[PDB]
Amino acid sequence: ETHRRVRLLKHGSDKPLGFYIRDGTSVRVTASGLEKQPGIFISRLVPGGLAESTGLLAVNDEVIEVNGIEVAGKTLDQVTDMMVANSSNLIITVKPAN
C-alpha cells in the first residue's frame, strides 16, 4: 500500500534479529471513518543485531505482516511467536513511522 517489505534472512548466521516489539495504537479506515485500533510496533533495535544492520527498520514502525500473514487482530504474544517461529528467514512488512 505504502509499506516496506524488510527481510531479516540469516543464511546460517549467528547474529540475532535483535529487536523488540510492543503494543501500540494504529489508525485504520472503516465505514465509520478513521478508528484507533490495537497495533504492533517496533520498540527498539539492539546494537549489532541484523535488524539494525538493514537500516530500513526503525523505532515506532508498525508491523503489518510477518511472512505473508497480516498481524491485525493478533496479540503481542502471538506476533512475537510468529516472528521467532520464522526467525531464520523472517520477512517483516512495516509502515514506516515517517
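Don't overthink the numbering: it's just position in the shown sequence, from 1.
Undergrad: Using only modelled residues of the chain, where does the Cα B factor of residue 79 rank: lowest third, middle third or highest third?
TA: Bottom third by C-alpha B-factor.
Undergrad: Going by the CA temperature factor in the PDB record, which third of the chain does residue 42 belong to: lowest, middle or highest?
TA: It falls in the middle third of the chain.
Undergrad: With respect to C-alpha B-factor, does residue 71 fall in the lowest, middle or highest third of the chain as deposited?
TA: It falls in the bottom third of the chain.
Undergrad: In terms of the CA temperature factor given in the entry, to which third of its chain does residue 64 belong: lowest, middle or highest?
TA: According to the entry, residue 64 has a C-alpha B-factor in the chain's lowest third.
Undergrad: Residue 29's Cα B-factor: lowest, middle or highest third of the chain?
TA: For residue 29, the deposited C-alpha B-factor lands in the middle third.
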